[PDB]
Every structure is written in C-alpha cells, then in structure tokens.
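Enquirer: Have a look at the structure that comes next, please.
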Amino acid sequence: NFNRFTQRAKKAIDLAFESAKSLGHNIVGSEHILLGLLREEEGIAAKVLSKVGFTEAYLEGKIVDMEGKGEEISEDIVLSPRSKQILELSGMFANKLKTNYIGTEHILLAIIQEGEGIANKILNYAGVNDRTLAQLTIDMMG
Ligand SMILES: [Mg+2]
C-alpha cells in the first residue's frame, strides 16, 4: 500500500508520455515506456538498453515504422491496459525483491516479463530480448 516509484522512474514515465505526444499517439503503450526508459539516460534501464545497442533514434524509428506518426498532441493522453499492467508488475517485482522504491530496472523487468506488446516486438526484431534480460539481471546484482 506504500508502493512508490523512484524519481528516475517517474521521469522515465513522463518521458514516455512526452514521446507519445510528440508522435501524435494518444495512447501510451509499452513501446513508449521503453523509449521513456532510454531517454531517461541515468537509470539502470537506460544503461542496459544502451549497453545492448539501442539509441533513441533507432527506437523512435521502429515505433514510427510500426505505428506511423501524426501531428503533435497538446492535450492529455492515457496509458493502455498493457502499460498499466507493466507498471503494476514493476511494483510486484519490487515487493518480491523486498525493495522500497520501484526503479527503472523494475519497469524494464516488467516489460520483459509481460512478453507481448510493441516493446517486446522491437526487442525481438533487434534479436536482443534475452540479452537485455541478462544485462538487466547482472546490472541488478549486488
Ligand atoms: Mg531508478
């Protein structure tokens, strides 16, 4: 009942929304959360994604290839059910690990665990789904 995101995780989610808006997408999907995690730069998830080889430009391009893009949106937009499930799962992972704060690493763990959705399609297309998981797992050791 006291589940809470770290500041970096909150920033990543804000960036996910900002990315969707930029692309004229009114629904924030797993792909936007993934791009938000990369754009956040500082957290484990960004360091994992960059280590396995993604750039912001690549992810954005793939999102556009798959979904298209429309004019920028200025009003409020919303999380898809899968995005909501991913965020709920990130809390579940943090509680399983008995950690107080849901970080970027927990959100990326949850994206991978969820297994479906555009973010996983992009990881799979790039051939780095299991490599991303491995890198995330070692980056969470200590
Ligand atoms: Mg964090």
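Cβ coordinates were reconstructed from backbone atoms using ideal geometry, including for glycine residues, and neighbour counts include every protein chain displayed. Quick note: the coordinates plus some simple rules give every number you see, no bench work behind them.
Enquirer: Which members of the stretch 92-129 meet the condition of being touching a helix residue (DSSP H, G or I) at 6+ places or on another chain (Cβ under 9 Å), outside any helix (DSSP H, G or I) and closer than 17 Å to residue 51 by Cβ?
Expert: Listed by number, the residues that qualify are 103, 128.
Enquirer: While we're on this one: Looking at 34, 79 in this structure, which one is touching a helix residue (DSSP H, G or I) at 6+ places or on another chain (Cβ under 7 Å) and either among the basic types (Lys, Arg) or surrounded by 13 or more Cβ atoms within 10 Å (Cβ to Cβ) (or both)?
Expert: On the way: 79 fails: touching a helix residue (DSSP H, G or I) at 6+ places or on another chain (Cβ under 7 Å).
Of 34, 79, the one residue that is touching a helix residue (DSSP H, G or I) at 6+ places or on another chain (Cβ under 7 Å) and either among the basic types (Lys, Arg) or surrounded by 13 or more Cβ atoms within 10 Å (Cβ to Cβ) (or both) is 34.
Enquirer: Given the structure, is residue 17 away from the ligand (no atom under 16 Å from the Cβ), closer than 24 Å to residue 136 by Cα, assigned to a helix (DSSP H, G or I) and of a type in the set (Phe, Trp, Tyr)?
Expert: On the way: away from the ligand (no atom under 16 Å from the Cβ): yes; closer than 24 Å to residue 136 by Cα: yes; assigned to a helix (DSSP H, G or I): yes; of a type in the set (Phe, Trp, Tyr): yes.
Answer is yes for this residue.
Enquirer: Quick one: in the stretch 28-44, of everything that is assigned to a helix (DSSP H, G or I) and over 8 Å from the mean Cα position of the chain (by Cα), which residue is farthest from residue 79 (Cα to Cα)? Can you show your working first?
Expert: First, pick out the residues of the stretch 28-44 that are assigned to a helix (DSSP H, G or I): 30-40, 44.
Filter once more, so that each one left must be over 8 Å from the mean Cα position of the chain (by Cα): 39-40, 44.
Details: 39: 18, 40: 18, 44: 23 Å.
Applying the filter and picking the extreme gives 44.
Enquirer: I'd like to check something: does the stretch 72-91 contain any residue that is within 15 Å of the chain's Cα centre (by Cα), outside any helix (DSSP H, G or I) and closer than 25 Å to residue 139 by Cα?
Expert: Looking through the stretch 72-91, none of the residues is within 15 Å of the chain's Cα centre (by Cα), outside any helix (DSSP H, G or I) and closer than 25 Å to residue 139 by Cα.
Enquirer: Residue check, residue 84 against (1) free of Cβ contacts under 8 Å to residues at least 12 places away in the same chain; (2) more than 26 Å from residue 2 (Cα to Cα); (3) not aromatic (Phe, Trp, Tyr), all met but one. Which one?
Expert: Exception for residue 84: condition (2).
Enquirer: Is it the case that some residue within the stretch 71-89 is within 16 Å of the ligand (Cβ to nearest atom) and of a type in the set (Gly, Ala, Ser)?
Expert: No: the stretch 71-89 contains no residue that is within 16 Å of the ligand (Cβ to nearest atom) and of a type in the set (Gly, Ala, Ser).
Enquirer: Still on this structure, please answer the following. Can you tell me which residue in the stretch 33-62 is nearest to residue 83 (Cα to Cα), limited to those that are within 12 Å of the ligand (Cβ to nearest atom) and among the small types (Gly, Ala, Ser)?
Expert: 45
Enquirer: Filter the stretch 83-119 down to the residues that are in contact with an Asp or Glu (Cβ under 7 Å, 6 or more places away or on another chain) and among the polar types (S, T, N, Q), then identify the one that is surrounded by the fewest Cβ atoms within 10 Å (Cβ to Cβ).
Expert: Only one residue tops the list, namely 85.
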